[PDB]
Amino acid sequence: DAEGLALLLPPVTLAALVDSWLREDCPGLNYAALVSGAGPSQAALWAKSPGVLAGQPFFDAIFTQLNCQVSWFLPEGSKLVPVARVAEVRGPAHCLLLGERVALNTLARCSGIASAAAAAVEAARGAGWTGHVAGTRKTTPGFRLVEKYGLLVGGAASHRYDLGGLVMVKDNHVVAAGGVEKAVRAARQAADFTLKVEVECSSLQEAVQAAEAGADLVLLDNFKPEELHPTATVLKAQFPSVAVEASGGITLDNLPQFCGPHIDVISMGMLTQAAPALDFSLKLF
């Protein structure tokens, strides 16, 4: 339920984040305020792009700090059919216009990401796949919370939010430890019983070693689909307890080829790296 996803955001980190965006955008004197004055005003939020609406909590938080209210005519997660009237913002003219840029930028990107995620979720459902579409750690620094939240609204999984969410043995960890077995034993030992271990693998060989050493998840990285499913099928056969994730060169276009009955998770970097922002405007009436 996309409407209840707003509960995920701790209100204290939210305010801090929004604060910093507002200091970033206006550090000193706001001369443009004298142009608008402080008279009460109303603006309409317009969706000019198709996709999924995501980011209301951030949008609200921004305008709240600035003593404006927002009324939403569409719930979080709604399909957007341009040109749609999405919300109304009310408050002192100068405060409205102060929040405009940050609020739109935030909503545009969050919705951009949710849109991409929903497209990918739909494509996978359209190929009869039951697994989880997921984002990667390829997010914008300092903006991770908005991007991970966008993914969730679009129906995708956030994945590990940070390095502390699960112990991820990437190919570089393997090199540094001197081999998969050594890396996964080290990982499994270090990781609290609280955490799962995932291992990035480029071959069936590595994948089997990883599962043998107690990997909870195996990330089959950069396989061609023809090599992927045979590999995944064997892993699940020998190790039904181990989850299989696929990632690497996955696009919305080729996503159905990567879906298969033995792939539990598909994670796509494009959901955050390449997701174009939606066009929104805030017209004062």
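Numbers follow the displayed sequence, beginning with 1.
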Query raised in the report: According to the deposited model, is the average Cα temperature factor higher in 234-242 or in 52-60?
Result: 234-242
Report summary line: Higher of the two mean Cα B-factors (215-223, 43-51; per PDB record) comes from 215-223
Query - Deposited CA B-factor, highest of 87, 146, 166, 120 - result: 166
Query raised in the report: Whose CA atom has the top B-factor in the entry, of 201, 107, 175, 156?
Result: 201
**Report entry** Chain thirds of CA B-factor: placement of residue 17
**Finding:** lowest
**Report entry** Third of the chain's Cα B-factor distribution that residue 179 belongs to, per the entry
**Finding:** highest
Report summary line: Quick tally, chain-level thirds of C-alpha B-factors: residue 160 sits in the highest
Query raised in the report: residue 67: which third of its chain by C-alpha temperature factor?
Result: lowest
Query raised in the report: Going by what the PDB entry lists, where does residue 6 fall on CA B-factor within its chain: lowest, middle or highest third?
Result: middle
